[PDB]
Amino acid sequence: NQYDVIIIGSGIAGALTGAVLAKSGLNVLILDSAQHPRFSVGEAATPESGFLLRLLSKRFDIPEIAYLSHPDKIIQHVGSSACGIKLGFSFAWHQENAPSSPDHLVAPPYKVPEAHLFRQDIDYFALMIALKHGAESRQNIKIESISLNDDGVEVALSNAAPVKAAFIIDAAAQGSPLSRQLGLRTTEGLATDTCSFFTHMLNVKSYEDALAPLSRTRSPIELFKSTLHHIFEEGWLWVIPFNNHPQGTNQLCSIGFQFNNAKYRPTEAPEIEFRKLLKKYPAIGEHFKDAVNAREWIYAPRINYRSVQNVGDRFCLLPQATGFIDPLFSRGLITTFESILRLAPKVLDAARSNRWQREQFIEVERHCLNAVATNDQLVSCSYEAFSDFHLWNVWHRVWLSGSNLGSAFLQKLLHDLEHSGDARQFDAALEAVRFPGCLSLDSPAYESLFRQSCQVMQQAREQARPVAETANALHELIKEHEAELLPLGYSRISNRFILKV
């Protein structure tokens, strides 16, 4: 074998995987059919994704990875155009044929800033990390075939000799060639059925200028300095600025709109569907009076999928290649970074003992498949909560409380790793969590709240129950589990801006 590991895809997933494996002493080859620089979706970081990047950095002693968790460090070390700022999530609710109210808002602020990742710059920088640690990169390639044998993997290339390795990691997202050839991917069983239109734009007005200033909203954060979700019965639209950081130079704003295909199927070109949306929701339209498109729209008719398996003797599919649900709540980067964190030590142990069996990587699969199933429940129930603001307001606390517990758990793991300096103990601690792929990771009390709340939302959809009844039932569930959650006052529904500590 020419190499130890072949990685397909040189996006952030493949690049970071390549970096940690090469740093740890594997001969790595990264293959990509495109070349940098190149646009990619997946821009909103979360408290979880930030901690997971710092864990990867700390676990494998690669300081440059930790830079990617902080907007100031990205500006300083990647480049001033490589991110915008994110001080929280924000949700603004709307209804067709009614004026939009700036009191139909929720926006819980973070403790520390996070990033809106300008992926063309972040992903190239990440590949440079891998290249500096000795990973080889071959761009603009064409994979002819991937053979999986009992003594290794063989990848045939157009106009080049075959390459051989002990293991292949598919980090190629929706274009996973390993997923196509293995027949792993399916949409059977998925509660979520959504499409997406997305692009980058110039001259997108801030929420504050376009709709309502801070003095009106009473938000503790500018919605301009947040991942802003405009939600409504049949779908939602994101406003993710890169031009909201005072030290930043990026002029663009990322815009994407998603529809629940059960409620509305688009019939026309992206720009026409966009205009129809702004007519339906004029308040959303106030962002876009002077705005112009800085790339072509991308349309994806169905963004949701899962897999029945994602590891074998000689392969692993990373999360995007395995499964995706929706941009809502930004679980994609979380699932990805944690999967790398779990996979990489196991691949190192496999390469060091020369043992390559499916059972060695079973916990990577367990985490990934569980994460997609959790995210499917989370998102499908959220799309049902879009029908009414008061319902959304109560429902968002189910997600928030879970995410807050998950982030606290990852912070504690990082804290313990930094103090003990013990890598094996961290790996075991991550694997020992009682609910891998779930929002809290390890809280049985929370996962009871989550499961019961999701059952309430599905029953509400199935039986067309009134929204006031559904909201009240969720309120009582939150109250019932309060003591077991973090002491943030989640049951205080009148407080729409839940603060930390």
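Start at 1 with the first residue shown and count on from there.
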query	finding
119-127 versus 424-432 - greater average Cα B-factor per the deposited record	424-432
Mean C-alpha temperature factor, higher of 392-400 and 143-151	143-151
Residue of maximum C-alpha B factor among 346, 164, 94, 200, per deposited coordinates	164
Criterion, highest CA B-factor; candidates, 287, 263, 331, 342	263
For residue 175, the third of its chain into which the C-alpha B factor falls	highest
Chain third (lowest, middle, highest) by recorded CA B-factor, residue given as residue 79	lowest
Residue 273 - Cα temperature factor, lowest/middle/highest third of chain	middle
For residue 70, the third of its chain into which the C-alpha B factor falls	lowest
Relative C-alpha B-factor of residue 234, binned into the chain's lowest, middle or highest third	lowest
